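Here's the structure we're looking at; comments come further down.
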């Protein structure tokens, strides 16, 4: 689960070489279907993703 | 030589002790409002591409 009520079982363990790699070499470790947003309207997860990426990038800690 | 009923009182006084109101200043908060989260100055990119 996330901190926004978005629960979900673990359905697969996707091999690390079959994951979509980014142009920076990275590779996600969680894949989250984008269809839980439209009906549940948890816009706080889409802001937490950006806040946490900015934190990990700048060494900061946002509130 | 006994006690008899006398004339009815003509008025009543009720005493109470009361202090007064000061000016309205309405000093809501030490550091007031919800101060906004904001940009650290300069920051700089902490990541580069390969090549």
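What you see of chain B is 103-153, where the numbers are those given in Swiss-Prot.
The backbone N, Cα and C atoms fix where each Cβ goes, and this holds for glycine too.
Annotated features, as they stand in Swiss-Prot:
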COMPBIAS  B:131-143  compositional bias 'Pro residues'
MOD_RES   B:128  phosphoserine
MOD_RES   B:136  phosphoserine
REGION    B:120-143  region 'Disordered'
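Counting every protein chain shown, the Cβ of residue B:136 (phosphoserine) has 5 other Cβ atoms within 10 Å.
Cα-Cα distance from residue B:136 (phosphoserine) to residue B:128 (phosphoserine): 18 Å (rounded to the nearest whole number). Just so you know, the Cβ of residue B:128 (phosphoserine) picks up 5 other Cβ atoms within 10 Å once every protein chain is counted.
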